[PDB]
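**Q** First, the structure itself, so that you have it in front of you.
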Protein chains: 2
Amino acid sequence: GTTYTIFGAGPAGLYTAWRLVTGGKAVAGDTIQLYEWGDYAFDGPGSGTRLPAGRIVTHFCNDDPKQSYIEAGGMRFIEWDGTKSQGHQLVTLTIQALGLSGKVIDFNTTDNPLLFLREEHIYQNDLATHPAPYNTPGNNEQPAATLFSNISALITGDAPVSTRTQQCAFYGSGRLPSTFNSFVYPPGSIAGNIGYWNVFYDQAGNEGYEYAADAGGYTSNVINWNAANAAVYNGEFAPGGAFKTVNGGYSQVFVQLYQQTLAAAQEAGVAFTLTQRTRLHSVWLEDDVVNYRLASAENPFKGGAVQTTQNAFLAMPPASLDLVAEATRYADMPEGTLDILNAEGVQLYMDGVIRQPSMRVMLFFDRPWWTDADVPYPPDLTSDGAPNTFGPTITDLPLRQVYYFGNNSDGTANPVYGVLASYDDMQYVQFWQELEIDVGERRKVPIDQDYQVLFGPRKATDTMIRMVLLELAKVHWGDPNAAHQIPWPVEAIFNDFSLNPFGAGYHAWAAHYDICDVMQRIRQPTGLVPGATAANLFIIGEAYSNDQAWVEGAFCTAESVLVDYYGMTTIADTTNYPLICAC
Amino acid sequence: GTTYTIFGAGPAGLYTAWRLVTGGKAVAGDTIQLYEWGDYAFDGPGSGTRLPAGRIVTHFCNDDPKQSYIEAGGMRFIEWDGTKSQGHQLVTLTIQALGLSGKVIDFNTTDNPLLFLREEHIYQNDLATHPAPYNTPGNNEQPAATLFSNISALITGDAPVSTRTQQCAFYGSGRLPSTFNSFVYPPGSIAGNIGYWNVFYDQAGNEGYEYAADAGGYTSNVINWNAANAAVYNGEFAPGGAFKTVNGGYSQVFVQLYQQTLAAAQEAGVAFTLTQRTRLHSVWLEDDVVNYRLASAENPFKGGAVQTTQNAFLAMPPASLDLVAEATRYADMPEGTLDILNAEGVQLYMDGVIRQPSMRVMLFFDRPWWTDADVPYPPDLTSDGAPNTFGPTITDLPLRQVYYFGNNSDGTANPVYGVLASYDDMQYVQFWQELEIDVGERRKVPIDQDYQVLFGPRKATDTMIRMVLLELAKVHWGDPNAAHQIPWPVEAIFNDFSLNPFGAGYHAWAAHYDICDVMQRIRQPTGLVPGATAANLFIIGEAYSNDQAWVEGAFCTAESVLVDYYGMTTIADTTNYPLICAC
Ligand SMILES: Cc1cc2nc3c(=O)[nH]c(=O)nc-3n(C[C@H](O)[C@H](O)[C@H](O)COP(=O)(O)OP(=O)(O)OC[C@H]3O[C@@H](n4cnc5c(N)ncnc54)[C@H](O)[C@@H]3O)c2cc1C
Ligand SMILES: Cc1cc2nc3c(=O)[nH]c(=O)nc-3n(C[C@H](O)[C@H](O)[C@H](O)COP(=O)(O)OP(=O)(O)OC[C@H]3O[C@@H](n4cnc5c(N)ncnc54)[C@H](O)[C@@H]3O)c2cc1C
């Protein structure tokens, strides 16, 4: 029979294995082999070093599955609304199909976030009366969302940008309107050749940009990504929907994809295996035949024997592809082979995204100190009918955003109250990295070989805890000395997504790319090599999706490959929902 | 005879060859082989694509050696004062020995820089009148240098940090004083295990940090580097002396090193060859024998036949070492070899510096428009006794500093007037990189393969020119609509030092490292590998020096290797001038 070989048991690799079995492509006598560098707990407590999978990681306080948790990776989704044709269609279908719809609950955010900006405390509702301390006339008396909407409208002009298909079309054909007013960018400029931050800066000045970057919601991006995509994803008509989470953590989706793939496989007669602590080391082609070597987690740089498959999925992000491509880039390859990942067009299209570093600090407290009556500036989390919101609080500090999960347990365990502290952006990666080593210690692991998130959230250093509490004191009291008022966390851990093999929290389409052409053609990179024999070697994952920073994008690129290159019947209604953009 | 093999004809590699011949270490019958990936113009017009060498590049307008020029890489040095024992000793001795001392001119800076901060225009002398628009009480009425000095004093306490030797000792043993007042850092903490930004932010708050980062200009350095080295380099006691430049360009130092080494080698009977467009591909050891492969610049990832030498200098920065290390990291190495750059201890010590990305835009004007009588906020460049100062103007924009070189031409009838625009820091690299491609064009070269600085300054795009003129209009007119008043540049070019093979403008010692032990021991990396046979394979350059961001550091590490490992008599007086820190 046929062997399907999947490198990476993140969302995209797990989803691919699940669809091949349940969708009926794999048949009795077929083999699905899944290889994962890490060691995720797919088989209950003690079966791994952290819950699956890749950048999704639910972290239970005390590694106690009955406790409060904080999502130490991705945390929420947008429920599919088929009547609106909007939301995360494949995540919603997959949650339903796995029997987890019963566990879906509201992820409520405050309508009135606290803003801590240039040593001022302003609840967002109060901006008309307490203007933000930014020299941006007009804009500083409105939520940052108003300025995002205004800049998007200066870019999109009269172009239709309400539907996912209209949005996809803008990426490739969107032009600055004939009325664009700039010294820098002429009217009718191709918006996909413009940096979002560059044009935001041009149109609103440094103070408008800084206000938007500091006071914008967690949806709002502001990095110098593709201005065509950023305008349609930051504008009034941005893709929206009700935020949900999966009670008990997003990670159970990945446990269930694995368990339910294994049970469907047994019924179907399909051999489905997961081989962990085992990475793809090197990959190349001999015509249609994929050649590859594996390496152990213990010795990740030294390849085993050369293996072959006819069907290989690289279910891994750019920084993970880079480490594989490095293993053949400098090598004398066998006669008649194609070093596919290092081909000029492949390397060029892999640069069609820019990377955003992220670090998350997860702190559990024995009480919800942020609700105390004497807290000068508490987060406004209280809702009349349904429960307390999760925040955020939004700041111009290195600690960019705070969410307050509090007790999200079934209520059975000893109540701990969780806080998620967000550090993001190239500006701050060097700031947070030195907090990762004890103040009494020297660095011991080369930075590029510290696979921290792959292993699991790492114990926060005393320096890192004290820095978070100092920041939370300035946010909630406006007095750095109030850090002494905050009770010491009962557990504190972190995830630094800038470290290999992830190399990014998020990917964002780059300026100077035809996004649809990359989304379409990078998936089967032999199509980027003039004269090459087609091979079933695929790149999948959120990075080169139309839903970056969502599991939805990992599912959509994987679905699009099964449809386009395996002729599978999609589980989606794609009538109004292209899995990826068509050109 | 004895063969010396030098990889990298930047300042360190050139200096090394020069000292080996003129110091009489290389004798009749010996060979010195120099390899350079680039194609620098060592032999006048038509002999390369840019003037030598590495990150020093003098750029003449219109490629006219009689026209005005801007330094498109390193631009100034501190003259050695042997009376006080302060300044760049080896650079000053080298310029004298090469017969270039007659070209040394003051590089004067204004004592009244224009500050453009949060849309306010403040000449620094007027901060008592018009406090900086930062919520940092008291600090905002005084130059940022005062805040830098006060933070340095909070870190150093009573410790002597006056001399180069005492500063070196502070790197390894310096502790926060008993009086240190912090929630985050205990009194007596090892300063070398603290990030400078981390502790500046702890002591001065985000608004004090932002003011220092935005208004410090000159050589101030707020990145999150080793706080022990940052405190002694940013404080009262910081290394000083008189700033100079080389009239006609710093590049002539490197032209003269090459030409005078060649003439001295011919007189001495030493075979001295420079082989350009030819890079080190891979390196490793067999006992004491250095094994290597070369690659052509045309095909930089493919090695040729294995070559051996007994004496090898890697005269290249971290990002360059990384590319060579990638070529063996994943390889199945010959029996009996040591893959020296990938050894754990070597990799760990290579991470003993952090990287600061830098982009320089060089613009030539047909007139000094910034001196026009109708300019609202002209720079205060005059000096009653002598030629104008060079600025800078200092801002909180992506364009963080402006230098005004004006007419430094030597004999053209039609002089141009030069302006240097500085973009720096991890915050802004993704902002400036999208300006490097025409707004009508897609990216065509993968970003990690675009060796722009190696080839020479690149023509500024129309978008990049317009972006700079917009920023200059905000700065000097306080109105972005005034950009139309600035004459379009005669020529505009850029150098993006973030690109390979440089991967940094600047290196800075990292927190959580014993700087002296790295500085000493990385030079001969076999000493970081337990059980390794000692080999004459050396790492030299500014990056692991005690003078990072100066040519002086390139010369000092090279000189330290010649003294410590080849028994040469130093040209320096080291009485008050350790070449590198001693532990
Ligand atoms: C801070 C943060 C917050 C997020 N929040 C949300 C959110 O709220 N909702 C949401 O839906 N999404 C969220 N996301 C995004 C979500 O995490 C990603 O979209 C998703 O994890 C992408 O899945 P993937 O399979 O493409 O990649 P990954 O999750 O990156 O998985 C790739 C896998 O490949 C493995 N791998 C790498 N190299 C090799 C190799 N050589 N051999 C074998 N295996 C290898 C990795 O170890 C990993 O398991 C968030 C992400 C971050 C970082
Ligand atoms: C924006 C800027 C401003 C600066 N200002 C000043 C200043 O005012 N004054 C000052 O004194 N210094 C200044 N410097 C610093 C100065 O440029 C450096 O200290 C100096 O260039 C370091 O010399 P080096 O030989 O260590 O390395 P580099 O100058 O980086 O030279 C390394 C050489 O190695 C070559 N190479 C790399 N890989 C290979 C390979 N595999 N095989 C062969 N060759 C290879 C490179 O092409 C290059 O020629 C500045 C730097 C920058 C970026």
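Every chain in the structure tokens has a letter given in the order shown (A, B, ...), and although residue numbers restart at 1 in each chain, ligands are simply numbered from 1 in the order shown.
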Please identify all polymer residues within 9 Å of residue 253 in chain B, counting only C-alpha atoms, omitting same-chain residues fewer than 6 positions from it, and present them as a PyMOL selection string.

**A** chain B and resi 11+52+94-95+98+100+246

**Q** With DSSP run on the backbone, what are the alpha helix (DSSP H) residues within range 299-505 of chain A? I'd like them as JSON, numbers by chain.

**A** {"A": [318, 319, 320, 321, 322, 323, 324, 325, 326, 327, 328, 329, 344, 345, 346, 347, 348, 349, 350, 429, 430, 431, 432, 433, 452, 453, 454, 455, 462, 463, 464, 465, 466, 467, 468, 469, 470, 471, 472, 473, 474, 475, 476, 477]}

**Q** For range 279-286 of chain A, please output as an mmCIF file with C-alpha atoms, in the first residue's frame all residues within 6 Å (counting only C-alpha atoms; exclusion window: fewer than 6 positions along the same chain).

**A**
```cif
data_model
loop_
_atom_site.group_PDB
_atom_site.id
_atom_site.type_symbol
_atom_site.label_atom_id
_atom_site.label_comp_id
_atom_site.auth_asym_id
_atom_site.auth_seq_id
_atom_site.Cartn_x
_atom_site.Cartn_y
_atom_site.Cartn_z
ATOM 1 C CA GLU A 36 7.967 14.783 16.097
ATOM 2 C CA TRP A 37 11.219 16.325 17.429
ATOM 3 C CA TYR A 292 15.284 11.995 3.986
ATOM 4 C CA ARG A 293 17.356 11.363 7.096
ATOM 5 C CA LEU A 294 16.135 11.452 10.736
ATOM 6 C CA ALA A 295 17.978 12.510 13.858
ATOM 7 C CA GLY A 303 21.459 12.020 10.343
ATOM 8 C CA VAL A 324 16.377 21.270 7.761
ATOM 9 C CA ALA A 327 21.664 20.281 6.583
ATOM 10 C CA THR A 337 19.148 15.015 -6.971
ATOM 11 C CA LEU A 338 17.305 18.244 -6.304
ATOM 12 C CA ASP A 339 18.093 20.018 -2.988
ATOM 13 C CA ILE A 340 14.490 21.255 -2.997
#
```

**Q** May I have the residues within 7 Å of ligand 1, computed using only C-alpha atoms and all ligand atoms, as a compact mmCIF listing (two decimals) with C-alpha atoms, in the first residue's frame?

**A**
```
# COMPACT_ATOMS: atom_id res chain seq x y z
CA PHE A 7 7.30 15.65 9.73
CA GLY A 8 5.94 17.61 12.70
CA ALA A 9 3.08 16.61 15.11
CA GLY A 10 1.84 20.16 15.56
CA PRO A 11 -1.73 21.19 14.62
CA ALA A 12 -1.04 20.88 10.85
CA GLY A 13 0.67 17.40 10.97
CA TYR A 35 7.67 12.15 13.37
CA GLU A 36 7.97 14.78 16.10
CA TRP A 37 11.22 16.32 17.43
CA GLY A 38 9.52 16.96 20.82
CA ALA A 53 1.09 20.23 20.26
CA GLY A 54 3.73 22.61 18.81
CA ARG A 55 2.80 26.27 19.69
CA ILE A 56 -0.51 25.22 21.41
CA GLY A 73 0.60 28.96 23.56
CA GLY A 74 -2.54 29.65 21.47
CA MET A 75 -5.60 30.26 23.79
CA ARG A 76 -8.91 30.97 21.83
CA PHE A 77 -10.72 30.53 18.46
CA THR A 278 12.79 12.04 16.32
CA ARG A 279 13.25 14.94 13.87
CA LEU A 280 13.60 15.32 10.16
CA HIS A 281 17.34 16.07 9.70
CA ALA A 315 4.27 20.40 8.88
CA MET A 316 6.58 22.96 10.45
CA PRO A 317 7.21 26.73 10.47
CA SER A 320 12.05 24.74 11.41
CA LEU A 321 12.33 24.51 7.59
CA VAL A 324 16.38 21.27 7.76
CA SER A 358 6.77 36.36 21.45
CA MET A 359 7.34 35.34 25.11
CA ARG A 360 4.52 34.42 27.56
CA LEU A 454 9.64 22.14 22.54
CA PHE A 497 8.63 31.34 21.07
CA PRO A 501 12.73 25.38 16.43
CA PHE A 502 9.77 27.85 16.39
CA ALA A 504 8.61 33.14 16.04
CA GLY A 505 5.35 33.51 17.91
CA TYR A 506 3.67 34.65 14.66
CA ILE A 540 1.91 23.12 5.48
CA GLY A 541 1.14 25.06 8.67
CA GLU A 542 -0.19 28.47 9.72
CA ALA A 543 2.86 30.41 8.41
CA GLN A 548 -1.78 33.38 10.33
CA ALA A 549 -1.64 33.27 14.13
CA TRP A 550 -4.64 30.86 14.18
CA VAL A 551 -4.82 27.05 14.26
CA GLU A 552 -7.37 27.70 11.47
CA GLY A 553 -4.46 28.49 9.13
CA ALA A 554 -2.60 25.27 9.96
```

**Q** For range 46-50 of chain B, please output as a list in words all residues within 10 Å (counting only C-alpha atoms; exclusion window: fewer than 2 positions along the same chain).

**A** residues 38, 39, 40, 41, 42, 43, 44, 52, 53, 57, 58, 59, 60, 63, 251, 276, 277, 453, 454, 455, 456 and 457 of chain B

**Q** Let me make sure I understand: if you superpose chain A onto chain B using all C-alpha atoms paired in order, what RMSD in Å results?

**A** 0.4 Å

**Q** So what do you get for CA of residue 356 in chain A versus CA of residue 449 in chain A, distance-wise?

**A** 19.1 Å

**Q** Name all residues at most 7 Å from residue 500 in chain B (count only C-alpha atoms; drop same-chain ones fewer than 6 positions away) and give them as a PDB file with N, CA, C and O atoms, in the first residue's frame.

**A**
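To be explicit, this is the file written out as out_23.pdb:
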```
ATOM      1  N   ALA B 319      28.165  36.526  12.704  1.00  0.00           N
ATOM      2  CA  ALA B 319      27.259  36.069  11.621  1.00  0.00           C
ATOM      3  C   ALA B 319      28.050  35.381  10.508  1.00  0.00           C
ATOM      4  O   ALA B 319      27.529  34.448   9.899  1.00  0.00           O
ATOM      5  N   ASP B 448      18.401  36.462   3.397  1.00  0.00           N
ATOM      6  CA  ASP B 448      19.666  35.918   3.982  1.00  0.00           C
ATOM      7  C   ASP B 448      20.735  35.688   2.922  1.00  0.00           C
ATOM      8  O   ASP B 448      21.826  35.314   3.294  1.00  0.00           O
ATOM      9  N   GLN B 449      20.456  35.910   1.637  1.00  0.00           N
ATOM     10  CA  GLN B 449      21.424  35.719   0.511  1.00  0.00           C
ATOM     11  C   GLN B 449      21.708  37.042  -0.182  1.00  0.00           C
ATOM     12  O   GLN B 449      22.345  37.042  -1.261  1.00  0.00           O
ATOM     13  N   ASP B 450      21.202  38.140   0.344  1.00  0.00           N
ATOM     14  CA  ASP B 450      21.400  39.467  -0.267  1.00  0.00           C
ATOM     15  C   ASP B 450      22.615  40.102   0.407  1.00  0.00           C
ATOM     16  O   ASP B 450      22.453  40.707   1.495  1.00  0.00           O
ATOM     17  N   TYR B 451      23.793  39.928  -0.167  1.00  0.00           N
ATOM     18  CA  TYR B 451      25.065  40.340   0.472  1.00  0.00           C
ATOM     19  C   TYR B 451      25.395  41.803   0.123  1.00  0.00           C
ATOM     20  O   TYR B 451      26.478  42.095  -0.495  1.00  0.00           O
TER      21      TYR B 451
END
```

**Q** Would you mind telling me which residue in B:170, B:233, B:80, B:134 lies nearest to chain A when using only C-alpha atoms?

**A**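 Among the listed residues, the smallest separation from chain A belongs to B:134.
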
**Q** Pick out the closest residue to chain A from this set: B:555, B:369, B:183, B:218. Count only C-alpha atoms.

**A**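 Using only C-alpha atoms, chain A sits closest to B:183.
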
**Q** Of the candidates A:367, A:458, A:302, A:103, which shows the shortest atom-to-atom distance to chain B, using only C-alpha atoms?

**A**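 The answer is A:302, which sits nearest to chain B.
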
**Q** Once DSSP has gone over the backbone, tell me which residues of range 249-453 of chain B are in strand (DSSP E or B), as an MDAnalysis selection string.

**A** chainID B and resid 271:275 278:286 289:296 307:309 311:315 338 353:356 358:365 393:395 399:406 417:424

**Q** Could you please take those selected residues and save C-alpha atoms as an mmCIF file, in the first residue's frame?

**A**
```cif
data_model
loop_
_atom_site.group_PDB
_atom_site.id
_atom_site.type_symbol
_atom_site.label_atom_id
_atom_site.label_comp_id
_atom_site.auth_asym_id
_atom_site.auth_seq_id
_atom_site.Cartn_x
_atom_site.Cartn_y
_atom_site.Cartn_z
ATOM 1 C CA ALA B 271 54.814 35.497 -0.748
ATOM 2 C CA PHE B 272 51.713 37.609 0.060
ATOM 3 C CA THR B 273 48.578 36.882 -1.987
ATOM 4 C CA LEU B 274 45.074 38.365 -1.677
ATOM 5 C CA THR B 275 42.465 36.079 -3.291
ATOM 6 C CA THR B 278 36.665 33.578 -2.545
ATOM 7 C CA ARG B 279 35.226 32.656 0.845
ATOM 8 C CA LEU B 280 36.005 30.175 3.606
ATOM 9 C CA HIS B 281 33.245 27.523 3.181
ATOM 10 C CA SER B 282 34.015 25.088 5.994
ATOM 11 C CA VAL B 283 36.762 24.562 8.573
ATOM 12 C CA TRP B 284 37.702 21.760 10.994
ATOM 13 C CA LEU B 285 40.754 20.296 12.747
ATOM 14 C CA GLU B 286 42.719 17.055 12.544
ATOM 15 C CA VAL B 289 46.098 20.689 11.232
ATOM 16 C CA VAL B 290 43.479 23.187 10.033
ATOM 17 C CA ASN B 291 41.367 21.531 7.266
ATOM 18 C CA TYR B 292 39.230 23.864 5.125
ATOM 19 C CA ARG B 293 37.305 24.278 1.857
ATOM 20 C CA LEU B 294 36.867 27.493 -0.205
ATOM 21 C CA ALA B 295 33.791 28.532 -2.217
ATOM 22 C CA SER B 296 33.554 31.067 -5.070
ATOM 23 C CA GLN B 307 42.996 22.223 1.907
ATOM 24 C CA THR B 308 45.309 22.217 4.987
ATOM 25 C CA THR B 309 47.268 24.847 6.899
ATOM 26 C CA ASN B 311 48.138 28.685 10.885
ATOM 27 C CA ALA B 312 44.616 30.039 10.313
ATOM 28 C CA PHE B 313 42.890 33.310 11.312
ATOM 29 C CA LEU B 314 39.099 33.660 11.169
ATOM 30 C CA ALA B 315 39.028 37.487 10.831
ATOM 31 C CA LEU B 338 37.191 18.039 15.500
ATOM 32 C CA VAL B 353 27.757 39.027 22.359
ATOM 33 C CA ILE B 354 24.372 40.336 21.221
ATOM 34 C CA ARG B 355 23.881 41.979 17.798
ATOM 35 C CA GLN B 356 22.599 45.498 16.952
ATOM 36 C CA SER B 358 22.202 49.234 11.643
ATOM 37 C CA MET B 359 21.222 50.846 8.251
ATOM 38 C CA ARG B 360 22.908 54.013 6.983
ATOM 39 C CA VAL B 361 21.419 56.176 4.245
ATOM 40 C CA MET B 362 23.874 58.493 2.545
ATOM 41 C CA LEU B 363 22.421 61.501 0.674
ATOM 42 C CA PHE B 364 24.282 64.129 -1.356
ATOM 43 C CA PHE B 365 22.608 67.520 -2.061
ATOM 44 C CA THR B 393 20.388 65.975 15.191
ATOM 45 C CA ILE B 394 18.744 63.420 17.510
ATOM 46 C CA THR B 395 15.151 62.146 17.227
ATOM 47 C CA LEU B 399 15.588 57.984 11.553
ATOM 48 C CA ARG B 400 17.261 58.266 14.961
ATOM 49 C CA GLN B 401 20.274 60.524 14.169
ATOM 50 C CA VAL B 402 21.400 62.864 11.347
ATOM 51 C CA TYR B 403 25.020 63.918 10.642
ATOM 52 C CA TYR B 404 25.825 66.832 8.273
ATOM 53 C CA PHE B 405 29.120 66.314 6.388
ATOM 54 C CA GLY B 406 28.459 69.026 3.797
ATOM 55 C CA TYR B 417 26.831 68.457 0.410
ATOM 56 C CA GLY B 418 26.459 65.176 2.301
ATOM 57 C CA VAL B 419 23.963 63.998 4.940
ATOM 58 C CA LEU B 420 24.142 60.716 6.878
ATOM 59 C CA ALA B 421 20.793 59.280 8.133
ATOM 60 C CA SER B 422 21.106 56.551 10.818
ATOM 61 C CA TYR B 423 18.537 53.787 11.366
ATOM 62 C CA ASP B 424 19.355 51.357 14.217
#
```

**Q** Which residues are near range 527-531 of chain A? Cut-off 12 Å, only C-alpha atoms, ignore same chain within fewer than 3 positions. Put them as a list in words.

**A**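 Contacts, in chain order: residues 285, 287, 338, 339, 340, 341, 342, 343, 344, 345, 346, 347, 348, 349, 350, 517, 518, 520, 521, 522, 523, 524, 534, 535, 536, 537 and 538 of chain A.
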
**Q** For residue 1 in chain B, list every protein, DNA or RNA residue within 12 Å, evaluated using only C-alpha atoms, and leave out those in the same chain fewer than 5 positions away; present the list as a list in words.

**A**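 Counting only the stated atoms, we get residues 25, 26, 27, 28, 29, 30, 31, 32, 269, 270, 271 and 310 of chain B.
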